[PDB]
Amino acid sequence: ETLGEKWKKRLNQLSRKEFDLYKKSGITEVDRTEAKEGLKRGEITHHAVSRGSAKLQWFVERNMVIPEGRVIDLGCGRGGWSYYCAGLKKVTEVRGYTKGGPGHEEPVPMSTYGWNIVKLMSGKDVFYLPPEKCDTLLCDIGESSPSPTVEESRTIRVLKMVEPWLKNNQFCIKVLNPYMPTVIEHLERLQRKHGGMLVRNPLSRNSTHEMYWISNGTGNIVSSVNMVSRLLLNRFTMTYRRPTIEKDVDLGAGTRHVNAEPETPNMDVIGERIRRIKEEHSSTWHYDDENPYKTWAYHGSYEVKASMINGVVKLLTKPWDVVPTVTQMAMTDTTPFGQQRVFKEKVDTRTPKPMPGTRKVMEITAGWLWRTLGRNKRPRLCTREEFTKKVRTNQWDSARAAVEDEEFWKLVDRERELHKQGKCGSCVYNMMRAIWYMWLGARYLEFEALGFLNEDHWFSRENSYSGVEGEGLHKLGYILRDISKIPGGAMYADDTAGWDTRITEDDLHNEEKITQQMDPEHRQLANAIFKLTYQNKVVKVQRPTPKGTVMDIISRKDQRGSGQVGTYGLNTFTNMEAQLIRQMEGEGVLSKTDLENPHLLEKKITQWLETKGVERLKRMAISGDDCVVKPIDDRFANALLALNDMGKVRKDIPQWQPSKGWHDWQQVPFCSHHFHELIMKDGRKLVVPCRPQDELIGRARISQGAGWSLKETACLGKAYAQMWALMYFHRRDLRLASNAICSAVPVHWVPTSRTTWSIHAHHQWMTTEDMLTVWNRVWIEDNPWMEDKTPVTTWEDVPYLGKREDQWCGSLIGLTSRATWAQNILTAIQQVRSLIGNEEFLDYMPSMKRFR
Amino acid sequence: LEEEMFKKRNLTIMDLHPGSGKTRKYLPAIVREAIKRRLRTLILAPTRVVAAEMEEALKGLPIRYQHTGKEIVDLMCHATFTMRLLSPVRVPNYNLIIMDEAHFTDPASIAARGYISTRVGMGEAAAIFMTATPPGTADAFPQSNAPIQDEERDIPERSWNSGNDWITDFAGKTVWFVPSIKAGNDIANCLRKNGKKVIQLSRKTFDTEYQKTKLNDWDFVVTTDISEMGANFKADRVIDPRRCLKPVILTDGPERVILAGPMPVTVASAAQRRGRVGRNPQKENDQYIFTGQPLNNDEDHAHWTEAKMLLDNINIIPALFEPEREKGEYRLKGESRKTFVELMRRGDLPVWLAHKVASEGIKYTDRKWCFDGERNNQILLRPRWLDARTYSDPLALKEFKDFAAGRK
RNA sequence: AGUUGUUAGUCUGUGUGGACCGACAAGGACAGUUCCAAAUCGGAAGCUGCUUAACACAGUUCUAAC
Ligand SMILES: *OP(=O)(O)OP(=O)(O)OC[C@H]1O[C@@H](n2cnc3c(=O)[nH]c(N)nc32)[C@H](O)[C@@H]1O
Ligand SMILES: [Zn+2]
Ligand SMILES: [Zn+2]
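In its metadata, the entry names cryo-EM as the structure determination method and reports 3.9 Å as the resolution.

Structural data, given as C-alpha cells:
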C-alpha cells in the first residue's frame, strides 16, 4: 500500500473544519480578491482570469518548461494558462480547447496583452481530437474523486490521450493521481520515450496530490512522489501554519504586435560600454537563449551571486499581530524571482507612438513651459566640492570613502572628456570597487550637468507655480487647502500606472529642450548626458537560471531609468505638461480634430498658454507622478483623449471611464497621504498628514538595513517613534506607542538609518533633542500658515483626531486587545528594558493624562 | 581588522569562502588582538576534529584547551559550552566569543548561538560568528577560490549494471556523498569493480580512514556528511546527489523521533558540500554534479525542538537566534531539570527523549517506562516513547539496552 | 482540477412606517472633560395604561448550523 493512498484515505477520514484547515497548511496562495472584484465588475485588462496564471508562471519562471512558437492548450477552461502564455517572447499562436458546457468552465474573453493572438474554443472535447503539430503543449485536465481508483483510471485515460501529441516539443501535463502503480509505470515508459521530470507546484493546495510532468528536467519519479506524500503526512496537523500570500499576476493590456516589438540598438553609441562589460568578465560572458526580453534589446550575460522584524517594536506593538495588512507588508521579497517578475509585468512593454497633433502640441507646451521656468533663474554647471558636500552630509559610507579618494576623480575626468567628445564609457546603472567607482562616477556626471534643477530649486512652489519641491510633509496639507480655496470643479488626483515606464521618446526630446538655455561648455555636457545615457540606456539586471543567478545586459531608448539623478525634476516637468494639456482639452481648446491633423495651427494654443498658463498652473500640486489638479469645470473629468494618446494611462480604471473627483480636500490622496484639519484648544487650526496606520505600523516593524544588531534595531525603533511624535501625533495609538518606545530605549542611543526615503521628509526627528520643543519649532514657529505664534507647553494642547475619524483611518481603539495593551504597556516596557540591560531609562508615559 | 567590532552589544557574522585563511590566517590574529585588548574570551568549535585543527593553527598563543592554568581566553567544543552552561555552575563571564562553523546543526550548537546572542543583547558581550552560511542563507553556489563548473545530471541511487560513464570517466579525483554507510559500501564495490581505487568514510571509520585519505594513492572517495566538515581532499569533482537523511520529529498521533529516509539536503548543507571542492585558485576542473533541489521547509526537523528544550531549560525568557527565531514551555523545575541534565549526560539519551522523561518527573534510576510502552510501542523493550536513534544501529541498540537495563 | 459557496441570526445603508424626542446617567471606553451608553424620568404617538414597533430591500457587517 503506497504512501499516497495512505494519505488519501487519511484525508478522506477528516471532517469539515479539519479538512478545511488542513487544505491550507503552509502553502503559498495568491491574493485573488482584487481580481474577483475587477472581473465581477466587468474589466477586460490586467487580470488573471483564474488562479491558473500564477500556477503556470511558477513553472515558466524557473524555465522548467519554455513556451515557444505555437502553443496548444487542452482543457483550457476559463483560460488562465493561455492568456498567461500569450504574453511571452517566443510565443506566436495560442489555441485553447475545452468541452465546455454544464458544470464546466467557459472561456472568458478579455483583452490583456497578447489577446489578439488567442483562439479559445468551447464545445470541443479534447478526447476526440486529431492530434496536431504542437511546438508547446499545456494540459491541465483532472477530475478528483474520493475514490483513488477512479482518479487513477482518469489519469490513465489522460496519458493515453496526450501521448500522440509529444513530438519533440516543450510540454507541461497535469498528473492528478501520481501515486498509483500503473500510473507510475506508464509515466516511466513515457519518460523513457520522451524525457522530462515530475514536479510539485507549491501553489497547489494540500487537499490534492497532483504533480506535473514537464519537458525540461530529470530525476526519479518514485522518490519524488514519496517525498510529496511524506510532506503531506507531516502536514496533517504540524501545529497548522497560516498560508503565505503572494501578489497576483498582471497581464498588461492591449493587442500585441510581434513584428513591431523588438528593438534595433544604436550599437555605435553603446558599443563601448557593452564591450567594456564583456571584457571585464571575459570568463562568463555566455550569450543565453532563454532570455525573456520582449522589448529590451539583449547583449549577453555573465555569472553573478545573490524582511526582518524589529524586535524592539515587535515587543511593543503586540495587538497588531492578527492584522492582515501589517503582516502582508512584511512578506514581500526582492529575490531575483521577484525582480524578474516585476520587470516582466511592468517594464517590458512598449507605448504606442502618439498622434502627430499631440506631438506638436507637446512640443509647443514644453517650449513655453521651459521658457517660463527660466524667467528668473539660469542654469549653471555643478561643481565637484558640492558633490563632496552632498555625499558627506548625506552605500553612504563607501560613497564618502570614494569621494574622498583620488583615483576616482581622475577616472571621472577621463570619462568626462569622453563625454565632451560624444561617447560614454561607464555610464551604466543597475536596477536594484572599480566597477563601483564607474557607477558612482556616472552619477556624478549627471549631477554636474543637471544638478541645477535641484540645487537651485527650479521646481519650488514659488518658482514653478505648481511644484512642491522643498516643502516636506508638514506643508503639503496647507498647499492642498490653498488649492481648495481656488474656485472651480472637484479635485482630481489620478495616479499613472507605472509612470517611469511610460515616457516616450518625444517626451525626452521635449525635456531636452532645456539645453536651449545653457552656456556652450555646459551645453555640450548636457547634450552628452541626454543623448547618450538618457536616450540610449544600458542596464544590468539579475536573472535566476537553473544554475544560479546571472547578470543580464539590456539596453533601450525610452523609459527613464529610475535611479538617475535629475529623475525627480524631469518627472515633475513632464507631469506638469501632461496635466496642463489635459486641462486644455477640458476647457475645449483642444478637440479630436486638433489631435488628428499633422499640423494644427499653433496660434490658438500659444495664445491660450500666454494668457492663462500661470493661472492654470496655480491650480495644481505636482510631485513626480503624483498630481493634484483642480480644473475650472468638470469637463476635465472627461478629457481622456489627449491623456491616453500621450500614453499616460491612469491606474485601476477602464481606459475610458471618466475620472472621479473628491470635493472635500481632506480626502484627496497625495504622495500616499491624505490630510486632516484639526482645531487646537485656542481654536488655532492645524493641517496634518494621515495615512492608514497599518502601513505606518508595518513600515516600522521592518528592520531592513540591519541584518541582526539589537543596538541597531532599537535605534531604528526610536527613530520611528520620534517621527511618529512629530508627524503623526494626532493618532492615538501612534502617540501611545511612541511614548512607550521612547521610554523603552536608552535615553542616549542616538538613532540613524533614515526611517523613510521619500523626498518629502526633511527628517527633523533624527536629532536627539526633546520632542516637545522640536514639535513647537516644526509646527508653531516656522509654519507660515501659523499667524498666532504662541508656543504649546505640554503634550496636552496637542490636538487629536476625532474619535470616529481616527477609527475610520484604521485605529484599533475600542477593541479589548488594545485595552489590555493600553493597560499593561508598563510591563511590556519593563520587559524590554530588561532585555536591553543597564543603560538609563527615562519615562515618557506621564506625558499622557492616563499615567499620572 | 575593524577594531570597532570589539565593542559590546555587537555581534557580527563574518565569513570567508572555504580556506581563505579564515582559520589559517585570520583567527590567530583575532585572538592576538583580543589578547592585546586583554579580553576574557571564549572560542567555540563544532567537533573534536575541527578542535584539533584549530589547536594546530593556534600555535604560540596561550589557549586553555578544554593545559596549565590561569589563562584568559579558552577554547572548547560548542556542545561542551552548552552542557557546561546547563550544569548549575555560574558560567564564566567572557567578554568576547568567537564561534566557528555557525551553520552547524547540533541542538547544542543552536542553543549556544541563542545564548550568545542573548548575552550580547544583555549588553555585556561581543560576538563573532565565523561561518560561510548564516541562517537565512539561500546561495547554494557561493564564492570559491576557483570557479565551480556545475552540472545537473542523473546521479544514480544504487549500483548500475552499466552506464553513468560520466561518473567514472573523469580524469580527476571524485568525492561522492552518500546518505548511509551501506550505500557507500555498495557504490564502492561497484567503483572498485571498475578498477578505481576507492575509499569509504563514515562516522566511526573516519579516524582510521582520514590519514589514508591524506595519502595520494586513492582516486574515488564515497562518504556521508561527516566529510562535510573539515576534510581536506584536493579532489577534482564532487558528486552530491542532494539526497540525505536526518533525525526528524514526527507527530502523526504519537509525537516521536524518526531517522528520515533519503531526502534533499538543506540549502546550507548543499552549499557546504559543493564548497568541499574548489579551494585552490590553481585548479580549474571544479565539477559539481547535482541531481536535486534543496529542501524547501526544514521547519519539520527536530533538532530545532531539542535546541529549544536546551535553551528553555537553561538557567528573562530564553530566546533563540533572530534569523533562527522563525522556527518558554520546555523549561522544567529544579529536580526535573537536574534529571534532564543527568539523563542527557549519564544515560546518553538524545535530548528530546531526556526532556520527555524529565517532564514527567521520573528520577534517573526508575526504568518503569522502558517496558510500559504500548503494543505498537515495541522494537525489533517497550519505552514510553519511540526514537529510532535509540535503536538505529546495532551499537546504538546495545547502548540503549545497557541504559534500560540499569547498567549505564 | 477549476469553479465554489449555502441557510439562520447579528451588523451597515435605504425605504415604508405616528414611530421617536428630550432629561439624566450606572457602566464603558478614551486620555484631548473625548465619545458612547443600561437604567430612570418626562414628553408624544398608537391602541386605555401598556408599548415604542413593524417589515422590506440591498452591506463584501459579522456570527454561527450543510
Ligand atoms: O483542491 P480541491 O480539490 O478543489 O479541494 P476539493 O474540495 O475539491 O477536494 C477534492 C478531494 O478532497 C476530498 N474532500 C473534499 N471535501 C472533503 C471533506 O469535506 N472532507 C473530507 N474528508 N475530504 C474531502 C475528496 O476526496 C476529493 O477527492
Ligand atoms: Zn559615459
Ligand atoms: Zn486619516
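Moving on, there is more to tell.
Trainee: Even after reading the chapter, I still don't get the overall build of chain A, so can you show me in this structure?
Mentor: When helices and strands are counted, chain A shows 32 helices and 17 strands. A globule of 852 residues ought to have a C-alpha radius of gyration of about 29 Å, and chain A, at 30 Å, matches this closely. For chain A, the spread of C-alpha atoms along the principal axes amounts to about 85 × 75 × 60 Å.

Trainee: Sorry, what's going on with the overall build of chain B here?
Mentor: Counting secondary structure elements, chain B contains twelve helices and 14 strands. Compactness check: chain B gives a C-alpha radius of gyration of 22 Å against a globular reference of 22 Å for 408 residues, within 12% of the reference. In terms of overall dimensions, chain B has C-alpha extents of about 65 × 60 × 40 Å along its principal axes.

Trainee: Just checking my understanding: could you explain the domain arrangement of chain B for this structure?
Mentor: Where the parts come together, the accessible area they lose is often given as the size of the interface. All names here are of chain B. Examined at the domain level, chain B breaks down into domain 1 (1-137 + 298-327), domain 2 (138-244 + 262-297) and domain 3 (245-261 + 328-408). Taking only C-alpha atoms into account, the centre of domain 1 sits 29 Å from that of domain 2. With ten residues of domain 1 at the interface, the matching set in domain 2 holds 13 residues. Looking at the side of domain 1 that touches domain 2 residue by residue, the classes come out as one nonpolar, six polar and three charged.

Trainee: What exactly am I supposed to notice about the pattern of salt bridges here?
Mentor: Residue and element names in this part refer to chain A. Between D507 and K648 there is a salt bridge, with the nearest N and O atoms lying 2.8 Å from each other. Taken together, the residues span a long stretch of sequence, with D507 in helix α21 (residues 505-512) and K648 in the loop between α26 (640-646) and β16 (674-679) at a distance of 141 residues. Salt bridges here are not isolated pairs; linked through shared partners, they connect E61, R62, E246 and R341.

Trainee: How should I be thinking about the sheet that holds strand β10 (residues 220-223) of chain B in this particular structure?
Mentor: Sheet strands line up and pair through hydrogen bonds in the backbone, either parallel or antiparallel. Residues and elements named next belong to chain B. One open sheet accounts for six strands, arranged β7-β14-β11-β8-β10-β9; its pairing is parallel. Looking at the sheet topology across the chains shown, the edges are occupied by β7 (149-152) and β9 (198-200). Taking the axes of each pair of neighbouring strands and ignoring which way they run, one obtains an average angle of 15° across the sheet. As defined by bridge partners, strand β8 (residues 174-177) adjoins β10 across four bridges and the pair is classed as parallel. Note that in β10 the partner of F177 across the bridge is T223.

Trainee: I would appreciate a short explanation of the environment of B:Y330 in the present structure.
Mentor: Residues and elements named next belong to chain B. Inspection of the secondary structure assignment puts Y330 in the loop between α9 (303-313) and α10 (334-345). The sequence separation of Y330 and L353 amounts to 23 residues, and the corresponding C-alpha distance is 12 Å. Those residues in contact with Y330 that lie beyond four places of it in its chain are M309, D312 and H355.

Trainee: For this particular structure, what's the right way to read the packing of aromatic side chains?
Mentor: Within a pair of aromatic rings, the relevant descriptors are the distance that separates the centres and the angle that separates the planes. Residue and element names in this part refer to chain A. Centre to centre, the rings of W320 and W821 are 5.0 Å apart; their planes meet at 85°, and the pair counts as edge-to-face. Centre to centre, the rings of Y478 and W785 are 4.8 Å apart; their planes meet at 5°, and the pair counts as stacked. In this pair, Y478 sits in helix α20 (residues 473-485) while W785 sits in the loop between α30 (771-781) and α31 (803-808), placing the two residues 307 residues apart along the sequence. One aromatic cluster is present, built from ring pairs that chain together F387, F408, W409, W436, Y437, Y444 and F447. Across from the ring centre of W296, 5.7 Å away, lies the NZ or CZ of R556, which sits over that ring.

Trainee: In this structure, what is going on with the packing of helix α6 (residues 148-162) of chain A against helix α7 (residues 181-194) of chain A? I would like to understand it.
Mentor: Geometrically, a packed helix pair is captured by the angle between its two axes and the distance between the axes. Residues and elements named next belong to chain A. Between α6 and α7, the shortest axis-to-axis distance is 9 Å and the interhelical angle comes to 15°. On the basis of their axis angle, the class for α6 and α7 is roughly parallel. Both α6 and α7 take part in a crossing whose hand is left-handed. Judged by residue contacts, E152, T155, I156 and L159 of α6 engage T182, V183, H186 and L187 from α7.

Trainee: Quick question: what am I supposed to make of the sheet that holds strand β4 (residues 118-121) of chain A here?
Mentor: Residue and element names in this part refer to chain A. The strand order β4-β3-β2-β5-β6-β8-β7 describes an open sheet built from seven strands, whose pairing is mixed. Sheet topology places β4 and β7 (197-199) at the edges, where each strand pairs with a single neighbour. If you compare each strand with its neighbour and ignore which way they point, the axes differ by 20° on average. Sheet topology places strand β3 (residues 91-97) next to β4; four bridges connect them, and they run parallel. Paired with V94 across the two strands is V118, which belongs to β4.

Trainee: Explanation requested: the interface of chain B and chain A in the structure shown.
Mentor: Counting residues at the interface gives 13 residues for chain B and nine residues for chain A. Residues belonging to the side of chain B that touches chain A are distributed by class as follows: six nonpolar, three polar and four charged.

Trainee: I tried to follow the side chain of A:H730 on my own but got confused; where do I start?
Mentor: Residue and element names in this part refer to chain A. Looking at the secondary structure, you find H730 in the loop between α28 (710-727) and α29 (732-743). A polar atom in the side chain of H730 sits 3.3 Å from the backbone oxygen of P689. Contacts of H730, omitting those with residues within four sequence positions, involve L678, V688, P689, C690, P799, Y800 and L801.

Trainee: Would you explain unusual backbone geometry in this entry?
Mentor: For residues besides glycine, phi is generally negative; the peptide bonds are generally trans as well. Residues and elements named next belong to chain A. Even without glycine at this site, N63 takes up a positive phi of about 60°. Mapped onto the elements, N63 comes out in the loop between α4 (52-61) and β2 (69-74). At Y465, a position not held by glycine, the phi torsion is positive, near 65°.

Trainee: Please explain helix α23 (residues 567-586) of chain A as it appears in this structure.
Mentor: The periodicity of an α-helix, 3.6 residues per turn, causes residues three or four positions apart to be oriented the same way. Under the 1.5 Å per step criterion, the end-to-end length of α23(A) is 28 Å for 20 residues, consistent within 8% with the ideal 28 Å. Positive backbone phi, approximately 80°, marks A:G588, located one or two places after α23(A).

Trainee: I tried to follow the pairing of strand β14 (residues 620-623) of chain A on my own but got confused; where do I start?
Mentor: Residues and elements named next belong to chain A. Pairing geometry for β14 and strand β15 (residues 626-629), over four bridges, is antiparallel. Bridge pairing in β15 places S623 opposite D626. Counting the residues between successive antiparallel strands, the hairpin from β14 to β15 contains two residues, one of them, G624, with a positive phi of roughly 55°.

Trainee: Can you walk me through the side chain of A:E43 in this structure?
Mentor: Residue and element names in this part refer to chain A. Within the secondary structure layout, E43 lies in the loop between α3 (33-41) and α4. Within the local environment of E43, its side chain forms a polar contact with the side chain of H47, the two groups lying 3.3 Å apart. Apart from residues lying up to four places away in sequence, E43 is in contact with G38 and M110.

Trainee: How should I be thinking about the pairing of β10(B) in this particular structure?
Mentor: Each regular strand carries side chains that alternate between the two faces of the sheet. Taken together, the three bridges between β9(B) and β10(B) define a ladder with parallel strand orientation. When the sheet's bridge partners are listed, B:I199 is paired in β10(B) with B:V221.

Trainee: In this structure, what is going on with the packing of helix α16 (residues 407-421) of chain A against helix α17 (residues 434-450) of chain A? I would like to understand it.
Mentor: All names here are of chain A. Direction vectors running N to C along α16 and α17 enclose 55°, while the axes themselves pass 10 Å from each other. Between α16 and α17, the angle falls in the class oblique. Like other packed secondary-structure pairs, α16 and α17 cross with a definite hand, here right-handed. Seen from α16, the contacting residues are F408, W409, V412, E415, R416 and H419; seen from α17, they are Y437, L440, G441, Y444 and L445. Grouping the constituent residues of the contact of α16 with α17 by class yields seven nonpolar, two polar and two charged.

What counts as what
Residues numbered from 1 in each chain as written, not as in the entry; some residues may be left out. Chains lettered and ligands numbered in written order. Heavy atoms only, no water. Residues with missing side-chain atoms left out of burial classes, pairs and counts. Helix = DSSP H or I, 4+ residues; strand = E, 2+ residues; numbered from the N terminus. Rg over C-alpha atoms; globule rule 2.2 N^0.38 Å. Domains from an automatic or database assignment. Contact = heavy atoms within 4.5 Å. Nonpolar A, V, L, I, M, F, W, Y, C, P; charged D, E, K, R; others polar. Salt bridge = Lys/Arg side-chain N within 4 Å of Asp/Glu carboxyl O. Pairing = 2+ DSSP bridges. Axes fitted to C-alpha atoms, helices over the stretch in contact; angles between N-to-C directions. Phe/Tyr/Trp six-rings, centres within 6.5 Å; stacked < 30°, edge-to-face > 60°. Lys NZ or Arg CZ within 6 Å of the ring centre and 35° of its normal. Parallel < 35°, antiparallel > 145°, perpendicular 65-115°, else oblique. Left-handed = near helix turned anticlockwise from the far one by under 90°. Polar contact = N/O pair within 3.5 Å; in protein donor to acceptor, adjacent residues only side chain to side chain. Expected span 1.5 Å × (residues − 1).

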